Structures are given as structure tokens and as C-alpha cells.
Amino acid sequence: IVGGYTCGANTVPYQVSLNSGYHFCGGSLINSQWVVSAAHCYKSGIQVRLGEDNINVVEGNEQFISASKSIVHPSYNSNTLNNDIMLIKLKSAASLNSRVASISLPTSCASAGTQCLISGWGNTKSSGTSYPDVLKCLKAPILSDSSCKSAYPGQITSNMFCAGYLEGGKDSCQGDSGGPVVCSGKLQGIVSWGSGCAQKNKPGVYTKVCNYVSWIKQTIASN
Ligand SMILES: [Ca+2]
């Protein structure tokens with residue numbers, strides 16, 4: 001997260017870290033046994049880390065649970081990042097409390113102008129590299145589809161939306177991928193891609209979760 005603020009320990013209780021010996025992507029807990037992330041975060045041998053603030057210090061509220069199954073969206077295209085969404089089933093159910101909690105799926109899509117909360121342990125610099133150890137937060141609005149398509153000609157599908165600031169300076173970044181975009185208490189987006197980070201006229205692009213609720217629900221019901 002570039003240009004954000006320190007969230008505070010366990011104030012984003014649905015935020016997960018995906019760990020393969022190191023943090024490499026975020027994710028969102030959507031019930032006690034399932035995490036949603038970005039398909040471009042796929043790899044084998046994922047441990048899901050819940051209840052994290054400092055990802056380098058054991059602080060006492062963590063739950064570490066290995067993945068038993070990963071399901072990349074059937075139509076994920078790694079060249080265009082269309083359908084950049086994946087489900088991860090935990091080997092055992094998480095213990096839910098005030099610091100580890102699920103986030104609700106949306107029943108409707110959010111409109112441009114809605115303010116959302118984006119969070120992650122990704123890079124905090126637009127030119128250098130500096131990775132934080134504690135969770136960072138950013139409040140950002142959903143942008144109109146017209147401004148999104150004007151910023152990224154020929155690249156925005158109906159399964160994507162832009163959020164952020166056309167002026168630059170505030171954005172998600174590398175290492176935030178897979179993490180949540182939460183608006184009015186519902187998971188509306190997944191950190192997916194962008195050109196650089198926090199560049200002028202290059203806002204962040206997010207997977208539009210409301211298009212996938214039927215697939216998520218049917219997949220969880222049968223796996
Ligand atoms: Ca920790």
C-alpha cells in the first residue's frame with residue numbers, strides 16, 4: 001500500500017496472509033474454512049495465516065492453517081488477468097473471534113463513488129522498494145467505468161473495476177495482490193493489477209467480486 005496508514009493490530013479481521021515460506025499475497029476469509037484471493041497468486045504449498053498484524057513477529061492472535069485445496073476460476077486468463085480470482089479451502093476450520101472474522105459477500109455490485117477500504121503488506125513506495133511488517137490500510141473510491149477504461153484502453157473487462165486516485169500518490173502495490181477491497185461491510189474487490197503503483201492516471205484495477213458470487217457459493221457447497 002502506497003500512501004496509506006497503519007491499520008492497527010487486528011482491525012481488519014478478515015485479512016489473511018498467504019505464506020509459502022514468506023508472505024507473497026493477501027486474501028480474505030469468507031467463512032470458517034474458505035479464503036478468496038487472486039488467481040495470479042496461485043501456487044502449491046500455501047499456508048494461510050490469520051490474525052496477523054506483524055508478519056515477522058508472533059504476537060499471540062495468529063492461526064496458521066495449511067490449504068487442502070485451491071480452485072482457480074475456470075476462465076482465468078493469465079495474459080489479460082480476466083477472472084483473477086481463486087478459492088482456497090483450509091484443512092481445518094478457523095476459530096472465529098473478534099480478531100479473526102469472515103467478511104460478507106455482496107448481494108449487489110457497488111457503484112462508482114463508493115468509498116472502500118483496501119489493505120495489505122505490499123510495497124509502500126512508488127519508485128523504491130520498502131515492505132512493511134505491519135498491515136497497511138487505504139481508503140479509496142471506486143472510479144467510474146469510463147475513467148477506468150480511459151486510463152487503460154483496451155484492457156478493462158466487465159470483471160474489473162478501478163479504484164483509487166487519478167492524481168496518483170495513493171494505491172495498492174506489489175504484495176497486496178489477492179487482498180480485500182471492502183465497501184459498506186461487503187467484499188467488493190480483490191487486488192489484481194495496475195501499471196506501476198500510485199502513478200498519475202494509472203489507478204489500481206480490482207477483480208469485481210459481485211460477478212462471482214454464484215460461482216463462489218456453488219463451489220463452496222460442493223467442495
Ligand atoms: Ca504475527
# chains A, B, ... in the order shown; residues from 1 in each chain; ligands from 1
>>> residues_around(residues="residue A:17", least_positions_apart="6", cutoff="12 Å", atoms="only C-alpha atoms", output="NGL selection string")
:A and (23-29 or 35-37 or 41 or 46-56 or 62-66 or 119-122 or 133-135 or 175-180)
>>> write_last_selection(atoms="N, CA and C atoms", output="short mmCIF file (atom, residue, chain, number, x, y, z; two decimals), in the first residue's frame")
data_model
loop_
_atom_site.label_atom_id
_atom_site.label_comp_id
_atom_site.auth_asym_id
_atom_site.auth_seq_id
_atom_site.Cartn_x
_atom_site.Cartn_y
_atom_site.Cartn_z
N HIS A 23 5.62 -14.22 3.16
CA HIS A 23 4.39 -13.61 2.65
C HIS A 23 4.52 -13.35 1.15
N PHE A 24 3.51 -13.75 0.37
CA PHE A 24 3.55 -13.43 -1.05
C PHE A 24 2.24 -12.86 -1.61
N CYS A 25 1.13 -12.96 -0.89
CA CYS A 25 -0.14 -12.42 -1.37
C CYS A 25 -1.07 -12.28 -0.19
N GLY A 26 -2.08 -11.42 -0.35
CA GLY A 26 -3.15 -11.34 0.60
C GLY A 26 -4.32 -12.21 0.20
N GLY A 27 -5.35 -12.18 1.04
CA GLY A 27 -6.58 -12.91 0.79
C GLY A 27 -7.60 -12.45 1.80
N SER A 28 -8.83 -12.96 1.65
CA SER A 28 -9.95 -12.60 2.52
C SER A 28 -10.64 -13.86 3.01
N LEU A 29 -10.89 -13.94 4.31
CA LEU A 29 -11.64 -15.05 4.89
C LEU A 29 -13.13 -14.81 4.68
N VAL A 35 -11.03 -19.15 1.90
CA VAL A 35 -10.37 -17.88 1.63
C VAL A 35 -10.53 -17.56 0.15
N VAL A 36 -10.76 -16.30 -0.18
CA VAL A 36 -10.72 -15.86 -1.57
C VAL A 36 -9.47 -15.01 -1.79
N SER A 37 -8.83 -15.21 -2.94
CA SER A 37 -7.64 -14.46 -3.29
C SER A 37 -7.65 -14.25 -4.80
N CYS A 41 -2.08 -15.29 -7.77
CA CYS A 41 -1.36 -15.69 -6.57
C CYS A 41 -1.24 -17.20 -6.44
N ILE A 46 0.53 -23.75 0.07
CA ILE A 46 0.17 -22.49 0.71
C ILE A 46 -0.20 -22.76 2.17
N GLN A 47 0.35 -21.95 3.08
CA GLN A 47 -0.14 -21.86 4.45
C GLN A 47 -0.88 -20.53 4.59
N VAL A 48 -2.09 -20.59 5.10
CA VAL A 48 -2.89 -19.38 5.32
C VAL A 48 -2.64 -18.89 6.74
N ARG A 49 -2.32 -17.60 6.88
CA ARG A 49 -2.02 -17.03 8.19
C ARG A 49 -3.08 -15.99 8.53
N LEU A 50 -3.86 -16.29 9.56
CA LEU A 50 -4.97 -15.48 10.03
C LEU A 50 -4.55 -14.75 11.29
N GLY A 51 -5.24 -13.65 11.58
CA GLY A 51 -4.99 -12.95 12.82
C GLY A 51 -3.66 -12.23 12.88
N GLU A 52 -3.07 -11.93 11.73
CA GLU A 52 -1.75 -11.30 11.66
C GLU A 52 -1.83 -9.79 11.76
N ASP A 53 -0.87 -9.20 12.47
CA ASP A 53 -0.51 -7.82 12.23
C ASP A 53 0.94 -7.77 11.75
N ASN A 54 1.90 -7.92 12.65
CA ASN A 54 3.30 -8.00 12.24
C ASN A 54 3.55 -9.42 11.73
N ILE A 55 3.83 -9.56 10.43
CA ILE A 55 4.02 -10.88 9.84
C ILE A 55 5.37 -11.49 10.16
N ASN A 56 6.25 -10.77 10.86
CA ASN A 56 7.56 -11.27 11.26
C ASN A 56 7.68 -11.54 12.75
N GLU A 62 -2.45 -15.19 16.14
CA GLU A 62 -2.33 -15.87 14.86
C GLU A 62 -2.99 -17.24 14.87
N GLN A 63 -3.49 -17.63 13.70
CA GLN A 63 -3.82 -19.01 13.40
C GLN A 63 -3.17 -19.35 12.07
N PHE A 64 -2.37 -20.41 12.05
CA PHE A 64 -1.67 -20.88 10.86
C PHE A 64 -2.32 -22.18 10.42
N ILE A 65 -2.91 -22.20 9.22
CA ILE A 65 -3.66 -23.35 8.73
C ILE A 65 -3.27 -23.61 7.29
N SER A 66 -2.87 -24.84 6.98
CA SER A 66 -2.47 -25.15 5.62
C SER A 66 -3.69 -25.32 4.71
N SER A 119 -6.38 -3.10 1.93
CA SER A 119 -5.38 -3.38 2.95
C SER A 119 -4.36 -4.40 2.46
N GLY A 120 -3.16 -4.37 3.03
CA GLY A 120 -2.15 -5.35 2.66
C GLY A 120 -0.78 -5.02 3.21
N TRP A 121 0.13 -5.98 3.00
CA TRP A 121 1.52 -5.90 3.42
C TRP A 121 2.45 -5.64 2.24
N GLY A 122 1.91 -5.09 1.16
CA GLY A 122 2.69 -4.83 -0.03
C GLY A 122 3.60 -3.62 0.06
N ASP A 133 6.24 -4.48 7.82
CA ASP A 133 5.95 -5.69 8.57
C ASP A 133 4.53 -5.70 9.13
N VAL A 134 3.90 -4.54 9.28
CA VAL A 134 2.55 -4.46 9.83
C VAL A 134 1.59 -4.07 8.72
N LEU A 135 0.31 -4.35 8.97
CA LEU A 135 -0.71 -4.20 7.94
C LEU A 135 -0.99 -2.73 7.67
N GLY A 175 2.59 -7.21 -3.73
CA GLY A 175 2.49 -7.79 -2.43
C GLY A 175 1.14 -7.60 -1.77
N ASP A 176 0.34 -6.64 -2.24
CA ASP A 176 -1.04 -6.50 -1.81
C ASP A 176 -1.97 -7.41 -2.60
N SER A 177 -1.49 -7.97 -3.71
CA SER A 177 -2.31 -8.78 -4.60
C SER A 177 -3.07 -9.85 -3.85
N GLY A 178 -4.31 -10.07 -4.26
CA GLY A 178 -5.16 -11.05 -3.63
C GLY A 178 -5.96 -10.53 -2.46
N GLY A 179 -5.58 -9.36 -1.92
CA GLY A 179 -6.20 -8.83 -0.73
C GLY A 179 -7.54 -8.16 -0.99
N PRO A 180 -8.17 -7.75 0.09
CA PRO A 180 -9.56 -7.28 0.02
C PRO A 180 -9.72 -5.81 -0.34
#
>>> residues_around(residues="residue A:102", least_positions_apart="2", cutoff="7 Å", atoms="only C-alpha atoms", output="ChimeraX atom specification")
/A:14,29-31,104
>>> residues_around(residues="residue A:118", least_positions_apart="5", cutoff="10 Å", atoms="only C-alpha atoms", output="PyMOL selection string")
chain A and resi 1+4+12+15+136-140+163-164+171-172+176+179-183+189-191
>>> write_last_selection(atoms="C-alpha atoms", output="PDB file, in the first residue's frame")
ATOM      1  CA  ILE A   1       0.000   0.000   0.000  1.00  0.00           C
ATOM      2  CA  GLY A   4      -1.825   4.661   3.316  1.00  0.00           C
ATOM      3  CA  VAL A  12      -9.106  -5.805   9.558  1.00  0.00           C
ATOM      4  CA  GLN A  15      -7.365 -10.076   6.133  1.00  0.00           C
ATOM      5  CA  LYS A 136      -1.341  -1.004   5.943  1.00  0.00           C
ATOM      6  CA  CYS A 137      -4.716   0.485   5.024  1.00  0.00           C
ATOM      7  CA  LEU A 138      -6.036   2.837   2.349  1.00  0.00           C
ATOM      8  CA  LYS A 139      -9.446   4.434   1.895  1.00  0.00           C
ATOM      9  CA  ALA A 140     -10.198   4.922  -1.792  1.00  0.00           C
ATOM     10  CA  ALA A 163     -10.355   2.321  -7.520  1.00  0.00           C
ATOM     11  CA  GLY A 164      -8.021   4.971  -6.248  1.00  0.00           C
ATOM     12  CA  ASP A 171      -2.635   2.955  -4.397  1.00  0.00           C
ATOM     13  CA  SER A 172      -2.196  -0.712  -3.672  1.00  0.00           C
ATOM     14  CA  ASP A 176      -1.044  -6.505  -1.813  1.00  0.00           C
ATOM     15  CA  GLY A 179      -6.199  -8.826  -0.730  1.00  0.00           C
ATOM     16  CA  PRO A 180      -9.562  -7.278   0.025  1.00  0.00           C
ATOM     17  CA  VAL A 181     -11.419  -4.218  -1.171  1.00  0.00           C
ATOM     18  CA  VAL A 182     -14.274  -3.813   1.324  1.00  0.00           C
ATOM     19  CA  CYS A 183     -17.093  -1.312   0.809  1.00  0.00           C
ATOM     20  CA  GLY A 189     -12.908  -6.339  -4.900  1.00  0.00           C
ATOM     21  CA  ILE A 190      -9.663  -8.288  -4.993  1.00  0.00           C
ATOM     22  CA  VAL A 191      -6.321  -6.517  -5.505  1.00  0.00           C
TER      23      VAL A 191
END
>>> residues_around(residues="stretch 78-95 of chain A", least_positions_apart="4", cutoff="8 Å", atoms="only C-alpha atoms", output="VMD selection string")
chain A and resid 32 to 40 42 48 63 65 to 73 100 155 157 159 to 160 178 190 192 to 193 207 216
>>> write_last_selection(atoms="C-alpha atoms", output="short mmCIF file (atom, residue, chain, number, x, y, z; two decimals), in the first residue's frame")
data_model
loop_
_atom_site.label_atom_id
_atom_site.label_comp_id
_atom_site.auth_asym_id
_atom_site.auth_seq_id
_atom_site.Cartn_x
_atom_site.Cartn_y
_atom_site.Cartn_z
CA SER A 32 -14.52 -20.50 8.67
CA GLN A 33 -12.94 -22.78 6.04
CA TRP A 34 -12.58 -20.73 2.83
CA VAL A 35 -10.37 -17.88 1.63
CA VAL A 36 -10.72 -15.86 -1.57
CA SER A 37 -7.64 -14.46 -3.29
CA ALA A 38 -6.38 -13.64 -6.79
CA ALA A 39 -5.78 -16.43 -9.29
CA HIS A 40 -2.40 -14.90 -10.16
CA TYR A 42 -1.75 -19.43 -7.21
CA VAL A 48 -2.89 -19.38 5.32
CA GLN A 63 -3.82 -19.01 13.40
CA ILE A 65 -3.66 -23.35 8.73
CA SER A 66 -2.47 -25.15 5.62
CA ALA A 67 -4.54 -25.23 2.44
CA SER A 68 -6.14 -28.52 1.45
CA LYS A 69 -7.41 -27.47 -1.97
CA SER A 70 -7.05 -24.50 -4.32
CA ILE A 71 -9.52 -23.73 -7.09
CA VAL A 72 -8.57 -21.17 -9.75
CA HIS A 73 -11.52 -19.72 -11.64
CA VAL A 100 -10.36 -13.32 13.13
CA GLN A 155 -7.65 -3.68 -21.03
CA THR A 157 -13.28 -6.13 -18.89
CA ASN A 159 -15.00 -8.31 -14.45
CA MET A 160 -12.76 -5.42 -13.37
CA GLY A 178 -5.16 -11.05 -3.63
CA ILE A 190 -9.66 -8.29 -4.99
CA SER A 192 -5.37 -7.57 -9.03
CA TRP A 193 -3.12 -5.32 -11.16
CA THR A 207 -11.48 -8.10 -9.61
CA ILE A 216 -18.23 -18.90 -5.10
#
>>> select_by_dssp(residues="stretch 1-195 of chain A", states="strand (DSSP E)", output="VMD selection string")
chain A and resid 5 to 6 15 to 19 23 to 31 34 to 37 47 to 50 63 to 72 86 to 90 115 to 120 136 to 141 160 to 163 180 to 183 186 to 193
>>> write_last_selection(atoms="C-alpha atoms", output="short mmCIF file (atom, residue, chain, number, x, y, z; two decimals), in the first residue's frame")
data_model
loop_
_atom_site.label_atom_id
_atom_site.label_comp_id
_atom_site.auth_asym_id
_atom_site.auth_seq_id
_atom_site.Cartn_x
_atom_site.Cartn_y
_atom_site.Cartn_z
CA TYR A 5 -1.85 4.42 7.09
CA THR A 6 -1.09 1.77 9.68
CA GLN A 15 -7.36 -10.08 6.13
CA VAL A 16 -5.15 -13.10 5.57
CA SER A 17 -1.53 -13.53 4.56
CA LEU A 18 -0.67 -16.33 2.14
CA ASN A 19 2.70 -17.79 3.12
CA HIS A 23 4.39 -13.61 2.65
CA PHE A 24 3.55 -13.43 -1.05
CA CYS A 25 -0.14 -12.42 -1.37
CA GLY A 26 -3.15 -11.34 0.60
CA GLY A 27 -6.58 -12.91 0.79
CA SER A 28 -9.95 -12.60 2.52
CA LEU A 29 -11.64 -15.05 4.89
CA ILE A 30 -15.23 -15.52 3.70
CA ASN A 31 -16.25 -18.29 6.14
CA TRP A 34 -12.58 -20.73 2.83
CA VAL A 35 -10.37 -17.88 1.63
CA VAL A 36 -10.72 -15.86 -1.57
CA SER A 37 -7.64 -14.46 -3.29
CA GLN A 47 -0.14 -21.86 4.45
CA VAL A 48 -2.89 -19.38 5.32
CA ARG A 49 -2.02 -17.03 8.19
CA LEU A 50 -4.97 -15.48 10.03
CA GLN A 63 -3.82 -19.01 13.40
CA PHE A 64 -1.67 -20.88 10.86
CA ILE A 65 -3.66 -23.35 8.73
CA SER A 66 -2.47 -25.15 5.62
CA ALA A 67 -4.54 -25.23 2.44
CA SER A 68 -6.14 -28.52 1.45
CA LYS A 69 -7.41 -27.47 -1.97
CA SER A 70 -7.05 -24.50 -4.32
CA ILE A 71 -9.52 -23.73 -7.09
CA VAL A 72 -8.57 -21.17 -9.75
CA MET A 86 -9.23 -18.15 -6.69
CA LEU A 87 -10.71 -20.04 -3.75
CA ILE A 88 -8.62 -21.77 -1.07
CA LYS A 89 -10.07 -24.36 1.31
CA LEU A 90 -8.43 -24.67 4.74
CA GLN A 115 -15.60 4.60 -0.56
CA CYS A 116 -13.76 1.35 0.18
CA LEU A 117 -11.02 0.03 2.44
CA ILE A 118 -8.01 -1.66 0.81
CA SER A 119 -5.38 -3.38 2.95
CA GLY A 120 -2.15 -5.35 2.66
CA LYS A 136 -1.34 -1.00 5.94
CA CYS A 137 -4.72 0.48 5.02
CA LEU A 138 -6.04 2.84 2.35
CA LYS A 139 -9.45 4.43 1.89
CA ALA A 140 -10.20 4.92 -1.79
CA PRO A 141 -13.25 5.42 -4.01
CA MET A 160 -12.76 -5.42 -13.37
CA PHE A 161 -13.13 -2.04 -11.76
CA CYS A 162 -10.73 0.79 -10.95
CA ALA A 163 -10.35 2.32 -7.52
CA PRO A 180 -9.56 -7.28 0.02
CA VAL A 181 -11.42 -4.22 -1.17
CA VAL A 182 -14.27 -3.81 1.32
CA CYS A 183 -17.09 -1.31 0.81
CA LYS A 186 -19.00 -6.28 1.92
CA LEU A 187 -16.14 -7.73 -0.11
CA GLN A 188 -16.41 -5.96 -3.46
CA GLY A 189 -12.91 -6.34 -4.90
CA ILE A 190 -9.66 -8.29 -4.99
CA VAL A 191 -6.32 -6.52 -5.50
CA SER A 192 -5.37 -7.57 -9.03
CA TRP A 193 -3.12 -5.32 -11.16
#
>>> atom_distance(atom1="atom CA of residue A:146", atom2="atom CA of residue A:211")
18.7 Å
>>> atom_distance(atom1="atom CA of residue A:126", atom2="atom CA of residue A:196")
7.2 Å
>>> select_by_dssp(residues="stretch 53-168 of chain A", states="helix (DSSP H, G or I)", output="JSON, numbers by chain")
{"A": [145, 146, 147, 148, 149, 150, 151]}
>>> write_last_selection(atoms="C-alpha atoms", output="short mmCIF file (atom, residue, chain, number, x, y, z; two decimals), in the first residue's frame")
data_model
loop_
_atom_site.label_atom_id
_atom_site.label_comp_id
_atom_site.auth_asym_id
_atom_site.auth_seq_id
_atom_site.Cartn_x
_atom_site.Cartn_y
_atom_site.Cartn_z
CA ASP A 145 -16.06 2.68 -15.68
CA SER A 146 -15.49 5.45 -18.22
CA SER A 147 -12.49 6.85 -16.34
CA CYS A 148 -11.20 3.31 -15.76
CA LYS A 149 -11.37 2.45 -19.48
CA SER A 150 -9.84 5.81 -20.40
CA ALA A 151 -6.86 5.08 -18.12
#
>>> decode(residues="stretch 89-114 of chain A", atoms="N, CA, C and O atoms", output="mmCIF file, in the first residue's frame")
data_model
loop_
_atom_site.group_PDB
_atom_site.id
_atom_site.type_symbol
_atom_site.label_atom_id
_atom_site.label_comp_id
_atom_site.auth_asym_id
_atom_site.auth_seq_id
_atom_site.Cartn_x
_atom_site.Cartn_y
_atom_site.Cartn_z
ATOM 1 N N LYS A 89 -9.425 -23.691 0.183
ATOM 2 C CA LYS A 89 -10.067 -24.355 1.314
ATOM 3 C C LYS A 89 -9.018 -24.678 2.368
ATOM 4 O O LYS A 89 -7.950 -25.205 2.042
ATOM 5 N N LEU A 90 -9.323 -24.352 3.621
ATOM 6 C CA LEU A 90 -8.434 -24.666 4.736
ATOM 7 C C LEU A 90 -8.582 -26.121 5.170
ATOM 8 O O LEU A 90 -9.661 -26.714 5.079
ATOM 9 N N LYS A 91 -7.474 -26.695 5.648
ATOM 10 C CA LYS A 91 -7.500 -28.085 6.104
ATOM 11 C C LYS A 91 -8.395 -28.262 7.322
ATOM 12 O O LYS A 91 -8.989 -29.331 7.504
ATOM 13 N N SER A 92 -8.500 -27.236 8.159
ATOM 14 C CA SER A 92 -9.402 -27.245 9.297
ATOM 15 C C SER A 92 -10.020 -25.864 9.422
ATOM 16 O O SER A 92 -9.479 -24.873 8.922
ATOM 17 N N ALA A 93 -11.169 -25.804 10.083
ATOM 18 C CA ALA A 93 -11.866 -24.536 10.233
ATOM 19 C C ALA A 93 -11.108 -23.610 11.174
ATOM 20 O O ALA A 93 -10.567 -24.035 12.203
ATOM 21 N N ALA A 94 -11.065 -22.337 10.810
ATOM 22 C CA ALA A 94 -10.553 -21.318 11.706
ATOM 23 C C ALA A 94 -11.480 -21.130 12.897
ATOM 24 O O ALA A 94 -12.693 -21.356 12.819
ATOM 25 N N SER A 95 -10.894 -20.697 14.005
ATOM 26 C CA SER A 95 -11.648 -20.326 15.195
ATOM 27 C C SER A 95 -11.973 -18.841 15.096
ATOM 28 O O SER A 95 -11.073 -17.996 15.158
ATOM 29 N N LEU A 96 -13.252 -18.517 14.919
ATOM 30 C CA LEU A 96 -13.660 -17.141 14.680
ATOM 31 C C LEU A 96 -13.869 -16.400 15.993
ATOM 32 O O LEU A 96 -14.459 -16.933 16.937
ATOM 33 N N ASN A 97 -13.373 -15.170 16.045
ATOM 34 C CA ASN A 97 -13.482 -14.317 17.224
ATOM 35 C C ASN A 97 -13.467 -12.868 16.745
ATOM 36 O O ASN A 97 -13.656 -12.596 15.555
ATOM 37 N N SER A 98 -13.241 -11.927 17.664
ATOM 38 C CA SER A 98 -13.290 -10.520 17.279
ATOM 39 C C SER A 98 -12.117 -10.110 16.397
ATOM 40 O O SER A 98 -12.226 -9.114 15.672
ATOM 41 N N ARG A 99 -11.013 -10.853 16.433
ATOM 42 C CA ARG A 99 -9.816 -10.511 15.679
ATOM 43 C C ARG A 99 -9.625 -11.373 14.442
ATOM 44 O O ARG A 99 -8.763 -11.055 13.612
ATOM 45 N N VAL A 100 -10.375 -12.466 14.318
ATOM 46 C CA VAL A 100 -10.365 -13.317 13.134
ATOM 47 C C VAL A 100 -11.821 -13.538 12.772
ATOM 48 O O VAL A 100 -12.550 -14.216 13.505
ATOM 49 N N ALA A 101 -12.252 -12.957 11.661
ATOM 50 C CA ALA A 101 -13.664 -12.931 11.325
ATOM 51 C C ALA A 101 -13.808 -12.971 9.819
ATOM 52 O O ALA A 101 -12.901 -12.564 9.090
ATOM 53 N N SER A 102 -14.945 -13.473 9.356
ATOM 54 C CA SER A 102 -15.203 -13.513 7.927
ATOM 55 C C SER A 102 -15.812 -12.200 7.458
ATOM 56 O O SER A 102 -16.366 -11.418 8.235
ATOM 57 N N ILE A 103 -15.680 -11.954 6.164
ATOM 58 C CA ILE A 103 -16.269 -10.794 5.513
ATOM 59 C C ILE A 103 -17.387 -11.283 4.600
ATOM 60 O O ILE A 103 -17.251 -12.310 3.922
ATOM 61 N N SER A 104 -18.502 -10.561 4.611
ATOM 62 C CA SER A 104 -19.670 -10.957 3.836
ATOM 63 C C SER A 104 -19.439 -10.759 2.345
ATOM 64 O O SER A 104 -18.801 -9.794 1.923
ATOM 65 N N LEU A 105 -20.004 -11.663 1.544
ATOM 66 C CA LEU A 105 -20.062 -11.477 0.107
ATOM 67 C C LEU A 105 -21.153 -10.464 -0.242
ATOM 68 O O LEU A 105 -22.128 -10.315 0.497
ATOM 69 N N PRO A 106 -21.016 -9.750 -1.354
ATOM 70 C CA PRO A 106 -22.034 -8.762 -1.714
ATOM 71 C C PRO A 106 -23.268 -9.424 -2.304
ATOM 72 O O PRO A 106 -23.212 -10.518 -2.865
ATOM 73 N N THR A 107 -24.404 -8.745 -2.152
ATOM 74 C CA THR A 107 -25.602 -9.133 -2.882
ATOM 75 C C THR A 107 -25.860 -8.232 -4.078
ATOM 76 O O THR A 107 -26.657 -8.592 -4.954
ATOM 77 N N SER A 108 -25.198 -7.083 -4.137
ATOM 78 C CA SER A 108 -25.248 -6.222 -5.305
ATOM 79 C C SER A 108 -23.867 -5.629 -5.526
ATOM 80 O O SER A 108 -23.027 -5.603 -4.622
ATOM 81 N N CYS A 109 -23.642 -5.167 -6.749
ATOM 82 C CA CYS A 109 -22.397 -4.503 -7.095
ATOM 83 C C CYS A 109 -22.387 -3.081 -6.554
ATOM 84 O O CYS A 109 -23.427 -2.424 -6.455
ATOM 85 N N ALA A 110 -21.201 -2.615 -6.182
ATOM 86 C CA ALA A 110 -21.049 -1.261 -5.676
ATOM 87 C C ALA A 110 -20.887 -0.276 -6.829
ATOM 88 O O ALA A 110 -20.328 -0.597 -7.881
ATOM 89 N N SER A 111 -21.383 0.936 -6.621
ATOM 90 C CA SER A 111 -21.350 1.966 -7.646
ATOM 91 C C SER A 111 -20.091 2.827 -7.536
ATOM 92 O O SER A 111 -19.493 2.976 -6.469
ATOM 93 N N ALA A 112 -19.716 3.428 -8.665
ATOM 94 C CA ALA A 112 -18.676 4.447 -8.657
ATOM 95 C C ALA A 112 -18.989 5.521 -7.620
ATOM 96 O O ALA A 112 -20.144 5.915 -7.428
ATOM 97 N N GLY A 113 -17.950 5.988 -6.943
ATOM 98 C CA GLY A 113 -18.098 6.937 -5.872
ATOM 99 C C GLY A 113 -18.183 6.327 -4.490
ATOM 100 O O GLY A 113 -18.018 7.047 -3.506
ATOM 101 N N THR A 114 -18.436 5.024 -4.386
ATOM 102 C CA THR A 114 -18.430 4.358 -3.090
ATOM 103 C C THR A 114 -17.015 4.325 -2.518
ATOM 104 O O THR A 114 -16.064 3.972 -3.219
#
